[PDB]
Each structure stands twice: as C-alpha cells, then as structure tokens.
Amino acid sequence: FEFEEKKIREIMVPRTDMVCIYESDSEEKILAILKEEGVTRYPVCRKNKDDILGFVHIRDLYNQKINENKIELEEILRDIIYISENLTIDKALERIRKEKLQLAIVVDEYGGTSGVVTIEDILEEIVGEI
C-alpha cells in the first residue's frame, strides 16, 4: 500500500552517488570503476551527469576489451528511459515494464538528472510491503 503514495525519489541512487562512465574516460579508469563497484549496468554521460547518452552493460564492455583491446562505447550503447522523481514506485514499474528496459534515469523538476533506479531496486521495494 505504502508504495502507491511513495515517490521514486525515495529509492533512487542519488545523482551524487550514481556512477557514470563519461565518453571521455580512459579505459584504465573504466576498468578500475567496474572492478570496485559491484554493478552490472552503467549509464554513459557526455561531459556531465545531465547529458546521458544511454547505458552500457558490463559484459559488453569486457568483451570489447578482451576481444579487441579497445572500448568503443557507441557500439554497445543501449537506450534508457527517463522518469520523473514524483512518479510513484508502482507507476515506475508499470512504465519500465512496458518499455522493456531494466534501468531508468530519474529526472528533476528542472530537466536535470536527479538520479538512477533499476527494475530490481523497484521490485525489492514493492515486495517489501507484501
């Protein structure tokens, strides 16, 4: 019940803690962050965290590097959806479920990135209330 009134803002990884791979990051930096972080899907940014280009999956990154000794982000870049931070957790699931994606960029009232949230984060929260 509590997740019908509860906003996505409450369970997102906030902008400051979100890890973006920037298109200009070195390959060394990318592997260093994939290794430290325990995470499978990374948003890719141009310049700043408000210009999201899409996301990438860790397996794709590693297969590029292993097979060719070069990471080409554009060739493995996968689409994201944007949702408002005032969307309730249940309508978020409905939405992301409908679009067939696992990852949402969460957007503030000024059209900036306020954070990021995963389909699992959202299911984890809902099954909580049941």
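Residue positions are given as counts along the sequence shown, with the first one as 1.
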| query | finding |
| --- | --- |
| Which of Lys70, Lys49, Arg78, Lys29 ranks first by CA B-factor in the deposited coordinates | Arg78 |
| Chain thirds of CA B-factor: placement of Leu87 | middle |
| Record-listed C-alpha B factor of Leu53: chain third | lowest |
| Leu123 CA temperature factor, ranked by third within the chain | lowest |
| Entry-reported Cα temperature factor of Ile105, expressed as the chain third it lands in | lowest |
| Third of the chain, ranked by Cα B-factor, where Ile66 sits | middle |
